[PDB]
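Peer 1:
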Amino acid sequence: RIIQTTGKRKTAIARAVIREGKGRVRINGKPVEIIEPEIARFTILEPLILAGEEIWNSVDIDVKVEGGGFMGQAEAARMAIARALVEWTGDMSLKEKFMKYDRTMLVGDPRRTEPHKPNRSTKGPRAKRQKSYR
Amino acid sequence: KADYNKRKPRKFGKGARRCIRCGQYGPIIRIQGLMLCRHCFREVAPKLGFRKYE
Amino acid sequence: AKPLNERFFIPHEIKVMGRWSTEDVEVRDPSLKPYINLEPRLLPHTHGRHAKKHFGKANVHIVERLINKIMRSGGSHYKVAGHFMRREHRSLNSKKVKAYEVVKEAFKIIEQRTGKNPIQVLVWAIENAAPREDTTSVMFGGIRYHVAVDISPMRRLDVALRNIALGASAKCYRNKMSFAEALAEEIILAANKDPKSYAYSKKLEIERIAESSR
Amino acid sequence: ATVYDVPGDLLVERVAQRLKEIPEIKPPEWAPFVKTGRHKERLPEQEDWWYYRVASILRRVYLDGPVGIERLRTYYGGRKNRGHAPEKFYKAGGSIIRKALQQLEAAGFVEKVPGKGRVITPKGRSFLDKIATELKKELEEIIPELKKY
Amino acid sequence: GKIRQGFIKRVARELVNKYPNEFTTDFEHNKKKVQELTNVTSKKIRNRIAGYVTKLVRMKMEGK
Amino acid sequence: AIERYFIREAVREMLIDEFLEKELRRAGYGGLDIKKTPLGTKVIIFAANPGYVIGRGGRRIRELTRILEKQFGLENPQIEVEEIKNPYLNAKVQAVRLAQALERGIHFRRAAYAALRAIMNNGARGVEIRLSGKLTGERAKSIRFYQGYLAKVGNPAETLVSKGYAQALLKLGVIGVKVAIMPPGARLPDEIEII
Amino acid sequence: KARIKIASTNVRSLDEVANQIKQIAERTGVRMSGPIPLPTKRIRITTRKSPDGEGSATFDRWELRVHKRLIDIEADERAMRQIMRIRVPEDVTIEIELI
RNA sequence: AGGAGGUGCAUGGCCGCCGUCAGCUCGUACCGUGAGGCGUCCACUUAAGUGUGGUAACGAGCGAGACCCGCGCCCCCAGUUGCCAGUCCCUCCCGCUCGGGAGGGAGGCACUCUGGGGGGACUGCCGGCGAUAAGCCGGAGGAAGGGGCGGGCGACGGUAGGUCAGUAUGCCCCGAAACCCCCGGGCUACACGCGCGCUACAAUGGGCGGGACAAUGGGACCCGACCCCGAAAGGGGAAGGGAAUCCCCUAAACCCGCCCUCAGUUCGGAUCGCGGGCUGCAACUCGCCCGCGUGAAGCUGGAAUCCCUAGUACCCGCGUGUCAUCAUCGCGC
Ligand SMILES: [Zn+2]
């Protein structure tokens, strides 16, 4: 038995497969334990800690992430892992725990980049050159 | 012997490209081979089929 | 340099930074208690959310707010310690990893020096650096009058955090002291109430001016 | 264990230390007098930077093989300080990469697939896997969460 | 602001006037009925018309 | 690439259209279109006055074929003429006719009113004509005549409304004429009916 | 097998041509792979609006979109003869390959 | 004939601004001798002359709205040039293999993705305010709560606002010259004042070795993998790609280890010497690139002043337009 889930953030897409195993979570071929920076590692690891030790050791996950930066990839992996755990467990208690902790774990982030416009487009959409007057 | 009032063959530079519609230098839009002066392209694009959905 | 266990630290419980708990942290004043957030959260990182929502800062962890505050450049259009600190490409703005590391180091230093919870020390510093009265102009008839007014708890907290961050930046600026060391010193001095802390000095000055214009 | 199971920096430094004993891998006669890339400012501060570079190249061939000189140059490039002009990314010199790949091939750790690049020989795979497994065995005591992998 | 346009108001009023028994207080029903009984072609326009009609029926039931 | 062929065809038809309009402005030019066929290409041109387009003795058509072949590079072109579906509904022909009348010497006010009345008699939701230039004095000015329903701003305005512009070369300068017409049966999104 | 590449500046013409090909294929009874819509090629050109330099800078973004579809059809005499006579409107462009 | 010769105070066309402001008008009627007035006013509401009610007015047109494009969630169809999760075979590696990992084949489209058609969000519901309506502030649910978020579309008129040096064009002028070609020089000068930017005045760092992660676009005298030579710039051969098949393309900021430890310094990178290359018919006036050597102001800034409300500002790199070479530049990512 396997379960597949997907997560998206910025421009990063993460596809996660959850199965029964020894609790070895691997991301892009690397163990999750040696992921850097520490902030990204914690971001990826939060759902497992929330779920608990027994479930973490019971199930294992394999994740493939493409696109975006390190933070975006970590967030996408976090979302995919949370969805996979929720679906696999099938219980609503941990689902409510996830909702009250961070509502966006199961619901993706809809924010995207605002297109640039003239008058310093390279700077950004609302950025503009300063006037001189006199 | 009457070899004058002739334009030298130029392969590169601002003098090697003319606006087909009006015959101009600096600028010429040659994206996808348009070879169209910027003003002419601005006033002709709808006929060519470009749309401004921005 | 740092030990491999610390480099690859793996938390197992829901506590701030995965190292310090908030069970024993106490807030004395009732004004700031509702807004001072001690919710269990190991990653103080909410991204840009809660900015759109009005009064959405009341549900953001203290450490997240401090990290965001220190993630800046200092100076710009204001002078603290009578100097500008316009650092453009050397600033921490938009570098949450660096801000997080700075806060972690500062908390470690505070814990080592004091023997008490760094979050508790931060709460004491915020309490001692939170002003209570200010002066503002009011327009009646055809002329304006300076009048002393109260400060809402949210503004108290924001001013306290801003003062702490500016003080740390000022005393780390162009010196031998690291930014984390400066932040730890700022928090310790603010908690201890000695005028040496910029936050406490600014609170005293604001209160004195409020009394004068009262 | 596998190369994927351990941090890159520790594995590459260990691999360079091991490669120090391989007679085929020796610095070129111009190694003392050459910067690693056009974007760099001053010479390397390590008297044995050649072995570190060779180890990194071997790891890159292992992970992303087949690879070529141009792609390795792109990887080994970086930002440059152009002075008053804004900084820009630049590639690295190809001589170091070419010589390192030739030396690795002579040692037998790398074999060239025509028109595709350089892949890792089974000998090189065994070498890297052995070093990685000893490194993981060392790391297991320090951190006990890697025992299940 | 979310204020009904003149043509939306007039269309909803005339529809409810002509067909009093074909509209109820359920927006899901009202949108379908508006679609069948009118040649509207835009989701937003049809939705706004249906909402206004539902409000009209609610007021009628209230008796005002 | 694929886009090169499309861009080349568009440029070629634009050049041919402009040249043919310049050559046949007096024949109520309305437009043209091309169709590729295995033997070659067939171009059909809409003209309200075929007589002039055909010319006399089959000389103008021969010259036009020769030009469209050698100058513009079209391969094996077959030129055909057709009647305008509604001469009073397309602005380009009407603008050209009004410019021709202005050049002839008819007073601008009466000419504009006559053209506008003719358009609305032939059928149109709305019409709007602007004349700009040295009208009634050295100081230039712009005047507008309008009646009916017309749209100027929005996607319906850019799609449904048909626009045309022309310049009349008077003795003492140039006068710009702009014509906007709303064809009958155009339905705005605002107005809807009940079934 | 035969590869059909159809490109056009309007979606409806491509839809009609694909529907015609689908009708031919289903009438013949041979296996057909549904039209694969390749990524649309959108070319954008930004041009300064003003014909001179005076005035605040403002630009217009002209855009042209080309839509492409791919079809794979089992190669047989009757079907290939039946699809060689497609209407192929002026805007649509057709490319035939055999493999 | 030709004119990049004057005239934008003779013009057409397009563009900035007042202004994405909400205003500008018409038919009949009414008042005033008349210029004009009413509707278009008053109270509330809206981003809006947007809407409700009162009214000497009743109706309508152009603006606004509406409309079109893209983003965000779900459903149907489609599966190659796109994707590889399950299943089978082959090869290789490790702790010698309980177990684990990598590549290729057949195979699948399951997930991502591409692109056509649909659903969804409509103040829809609950409480409150407003008058019970116009509407407004919160809450539930939800991907998206209040114009869902960002764009295109700029009315009657004016601005003798800029453009004849983009095209068109009236009059005047040159008309063997102001017309047309060719060579050389200039537009690149330099006591000085100013606008907008890049680099910095360092530890919120410089250097060295190592370790990770994108997207938009472009590619036929074109992009160029891959191989060989060179210390770098760069040179020689050359597969595939007419581009979901190949290339530009393993970005930087960020992370780990070491040196530097507050100093005009291992900050700063101007200014100059020698030498080696690339493009170009031609490189001194007047191009760009790399090696060694050199090492000027600058240690945070007066009065004053500018941008920005969320994936926005800041920080940091990349694509393209200009292009034989040259990007501290405009437009986007
Ligand atoms: Zn032109």
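Residue numbers (the authors' numbering), protein chains in the order written: chain Ak, 2 to 135; chain Ap, 3 to 56; chain Ah, 2 to 215; chain Au, 2 to 150; chain As, 2 to 65; chain Ab, 2 to 196; chain Al, 3 to 101.
Just so you know, even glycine gets a beta-carbon here, dropped at the ideal spot from N, CA and C.
Along chain Ah, in chain order, which residues have C-beta atoms closer than 9 Å to that of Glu146(Au)?
Peer 2: In the fourth sequence, residue 146(Au) corresponds to position 145, counting from 1. Simply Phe9, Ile11.
Peer 1: From the DSSP output, in three-state form, read off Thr115(Ah) for me.
Peer 2: In the third sequence, residue 115(Ah) corresponds to position 114, counting from 1. Look at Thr115(Ah) here: in three-state DSSP terms it is helix.
Peer 1: Hey, could you find the ends of the alpha helix (DSSP H) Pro48(Ap) is sitting in?
Peer 2: What you label residue 48(Ap) is simply residue 46 of the second sequence in a count that begins at 1. Counting along the chain, the unbroken alpha helix (DSSP H) around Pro48(Ap) starts and ends at 40-50.
Peer 1: Is there a C-beta anywhere in chain Ab that falls below 9 Å from the one on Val17(As)?
Peer 2: Within the fifth sequence, numbered from 1, the residue matching residue 17(As) stands at position 16. Not one chain Ab Cβ lies under 9 Å of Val17(As).
Peer 1: Measure the C-alpha to C-alpha separation of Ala107(Ah) and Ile30(Ap) and round it to an integer number of angstroms.
Peer 2: Reading the third sequence from its first residue, position 106 is the one you call residue 107(Ah). Reading the second sequence from its first residue, position 28 is the one you call residue 30(Ap). Spanning the two alpha carbons is a distance of roughly 60 Å.
Peer 1: Within 9 Å of any Cβ in chain Au, is that where the Cβ of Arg25(Ak) sits?
Peer 2: Here residue 25(Ak) is taken as the residue at index 24 of the first sequence, counted from 1. So yes, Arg25(Ak) belongs to the interface.
Peer 1: Please return the same chain residues whose Cβ sits closer than 6 Å to the Cβ of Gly28(Ap), not counting the five positions on each side in sequence.
Peer 2: Within the second sequence, the letter at position 26 stands for residue 28(Ap). Beyond the five residues adjoining it in sequence on each side, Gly28(Ap) comes within less than 6 Å, by CB distance, of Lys16 in the same chain, given in chain order.
Peer 1: Just to check, is the beta-carbon of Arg53(Ap) closer than 8 Å to a non-hydrogen atom of ligand 1?
Peer 2: For the purposes of this step, residue 53(Ap) is taken as residue 51 along the second sequence, with counting starting at 1. Outside the cutoff, so no.
Peer 1: If you run the structure through DSSP and keep just helix, strand and coil, what is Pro154(Ah)?
Peer 2: For the purposes of this step, residue 154(Ah) is taken as residue 153 along the third sequence, with counting starting at 1. Here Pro154(Ah) sits in helix by DSSP.
Peer 1: How about the region 45-58 of chain Al and the region 69-80 of chain Al: do they share at least three Cβ pairs that are nearer than 8 Å?
Peer 2: no
Peer 1: On a Cα-Cα basis, can you pick out the residue from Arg50(Al), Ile38(Al), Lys7(Al), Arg33(Al) that is closest to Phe43(Ap)?
Peer 2: The residue you call residue 43(Ap) lines up with position 41 of the second sequence. Looking at the Cα atoms, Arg50(Al) is the closest of the given residues.
Peer 1: Can you find a C-beta in chain Au that's less than 9 Å from the C-beta of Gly125(Ak)?
Peer 2: For the purposes of this step, residue 125(Ak) is taken as the residue at position 124 of the first sequence. Put simply, the CB of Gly125(Ak) is far from chain Au, with every gap to its CB atoms at 9 Å or more.
Peer 1: Mind pulling the chain Ah residues with CB within less than 9 Å of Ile40(Ak)?
Peer 2: In the first sequence, counting from the first residue as 1, residue 40(Ak) sits at position 39. In chain order: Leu44, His46, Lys97, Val98, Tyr101, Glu102.
Peer 1: Where the beta carbon is closer than 6 Å to any heavy atom of ligand 2, which residues qualify, in chain order?
Peer 2: Ligand 2 is not part of the structure shown, which contains ligand 1 as its ligands.
Peer 1: So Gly51(Ap) contacts chain Al; which residues on that side make the cut at Cβ distance below 8 Å?
Peer 2: Residue mapping note: residue 51(Ap) aligns to position 49 of the second sequence, counting from 1. Under the 8 Å cutoff, chain Al gives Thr11, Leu66.
Peer 1: Quick check: the Cα distance between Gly19(Ah) and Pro145(Au), rounded to an integer number of angstroms?
Peer 2: Counting from 1 along the third sequence, the entry for residue 19(Ah) is found at position 18. Counting from 1 along the fourth sequence, the entry for residue 145(Au) is found at position 144. Rounded to whole angstroms, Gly19(Ah) to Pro145(Au) spans 17 Å at the Cα level.
Peer 1: Please state whether the Cβ-Cβ distance between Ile144(Ah) and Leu33(Ah) is less than 9 Å.
Peer 2: On the third sequence, position 143 is the one that residue 144(Ah) refers to. On the third sequence, position 32 is the one that residue 33(Ah) refers to. For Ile144(Ah) and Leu33(Ah), no; Cβs fall outside 9 Å.
Peer 1: For the beta strand (DSSP E) containing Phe47(Ab), list its first residue and its last residue.
Peer 2: Indexing the sixth sequence from 1 puts residue 47(Ab) at position 46. From DSSP, the beta strand (DSSP E) with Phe47(Ab) extends over 41-48.
Peer 1: Give the C-beta separation of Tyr36(Ah) and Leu123(Ah) to the nearest angstrom, bearing in mind that I take them to be a contact with Cβ-Cβ under 8 Å.
Peer 2: Residue 36(Ah) sits at position 35 when you count from the first residue of the third sequence. Residue 123(Ah) sits at position 122 when you count from the first residue of the third sequence. Going by Cβ atoms, the distance from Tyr36(Ah) to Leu123(Ah) rounds to 14 Å, so no, they are not a contact pair.
Peer 1: If you run the structure through DSSP and keep just helix, strand and coil, what is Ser15(Al)?
Peer 2: As a first step, residue 15(Al) must be located in the seventh sequence, where it is residue number 13. Three-state result, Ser15(Al): helix.
Peer 1: Between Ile120(Ah) and the rest of its own chain, which residues show a CB-CB distance below 8 Å, the 5 nearest in sequence each way excluded?
Peer 2: Along the third sequence, one-based indexing puts residue 120(Ah) at 119. Hits under 8 Å: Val17, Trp21, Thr23, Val26, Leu39, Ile63, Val64, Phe108.
Peer 1: Comparing alpha-carbon positions, which option in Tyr101(Ah), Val148(Ah), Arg175(Ah), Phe180(Ah) lies nearest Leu44(Ah)?
Peer 2: Mapped onto the third sequence, residue 44(Ah) falls at position 43. The option with the nearest alpha carbon to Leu44(Ah) is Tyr101(Ah).
Peer 1: Give the single residue among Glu97(Al), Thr48(Al), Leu100(Al) whose Cα lies nearest to the Cα of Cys39(Ap).
Peer 2: Looking up residue 39(Ap) in the second sequence gives position 37. That would be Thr48(Al), whose Cα lies nearest to the Cα of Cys39(Ap).
Peer 1: Could you compute how far the alpha carbon of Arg89(Al) sits from the alpha carbon of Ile96(Al)?
Peer 2: Translated into the one-based positions of the seventh sequence, residue 89(Al) becomes position 87. Translated into the one-based positions of the seventh sequence, residue 96(Al) becomes position 94. Roughly 10 Å separates the two Cα atoms.
Peer 1: Report the option in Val162(Ab), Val54(Ab), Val82(Ab) whose CA atom is closest to the CA atom of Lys179(Ab).
Peer 2: Within the sixth sequence, residue 179(Ab) is the residue found at index 178, counting from 1. Residue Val162(Ab) is the option with its Cα nearest to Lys179(Ab).
Peer 1: Starting from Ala11(Ab), find everything on chain Ap with Cβ-Cβ shorter than 7 Å and list it in chain order.
Peer 2: Numbered from its first residue, the sixth sequence carries residue 11(Ab) at position 10. Per Cβ cutoff of 7 Å: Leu50, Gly51.
Peer 1: Under DSSP, the beta strand (DSSP E) around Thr44(Ak) begins and ends at which residues?
Peer 2: Here residue 44(Ak) is taken as the residue at index 43 of the first sequence, counted from 1. Note, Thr44(Ak): premise wrong, no beta strand (DSSP E); alpha helix (DSSP H) at 39-52.
Peer 1: Quick one: list the residues of chain Ap neighbouring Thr49(Al), beta-carbon separation under 7 Å, in chain order.
Peer 2: The sequence position of residue 49(Al) within the seventh sequence is 47, counting from 1. In chain order: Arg40, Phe43, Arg44.
Peer 1: State the DSSP-derived secondary structure class of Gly177(Ab), mapped to helix, strand or coil.
Peer 2: Stepping through the sixth sequence from its first residue, residue 177(Ab) is reached at position 176. Reduced to three states, the DSSP call for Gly177(Ab) is strand.
Peer 1: Can you give me the start and stop residues for the alpha helix (DSSP H) that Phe56(Ah) sits inside?
Peer 2: Taking the third sequence and counting its residues from 1, one reaches residue 56(Ah) at position 55. Looking at the DSSP string, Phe56(Ah) is not in any alpha helix (DSSP H), and its letter there is neither H nor E.
Peer 1: If I follow the unbroken alpha helix (DSSP H) through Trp51(Au), where does it start and stop?
Peer 2: Indexing the fourth sequence from 1 puts residue 51(Au) at position 50. 50-65 is the span of the alpha helix (DSSP H), which, as asked, contains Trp51(Au).
Peer 1: Can you find a C-beta in chain Al that's less than 9 Å from the C-beta of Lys37(Ab)?
Peer 2: In the sixth sequence, residue 37(Ab) corresponds to position 36, counting from 1. Chain Al contact via Cβ: present.
Peer 1: Which term fits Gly73(Ak), buried or exposed, when burial requires 16 or more other beta carbons within 10 angstroms of its beta carbon?
Peer 2: Taking the first sequence and counting its residues from 1, one reaches residue 73(Ak) at position 72. Buried, because 16 or more other Cβ atoms sit within 10 Å of the Cβ of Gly73(Ak).
Peer 1: Compute the Euclidean distance between the alpha carbons of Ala169(Ah) and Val111(Au), then round it to the nearest angstrom.
Peer 2: Locating residue 169(Ah) in the third sequence gives position 168, where the first residue counts as 1. Locating residue 111(Au) in the fourth sequence gives position 110, where the first residue counts as 1. When rounded, the distance between both Cα atoms is 54 Å.
Peer 1: Check whether the region 4-21 of chain Ap and the region 84-94 of chain Ah are in contact - that is, three or more C-beta pairs closer than 8 Å.
Peer 2: no
Peer 1: Ordered along the chain, which non-local residues of its own chain (more than five positions away) have a Cβ less than 7 Å from that of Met178(Ah)?
Peer 2: As a first step, residue 178(Ah) must be located in the third sequence, where it is residue number 177. Short of 7 Å from the beta carbon of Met178(Ah), and not among the five residues preceding or following it, lie these beta carbons of its own chain, in chain order: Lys172.
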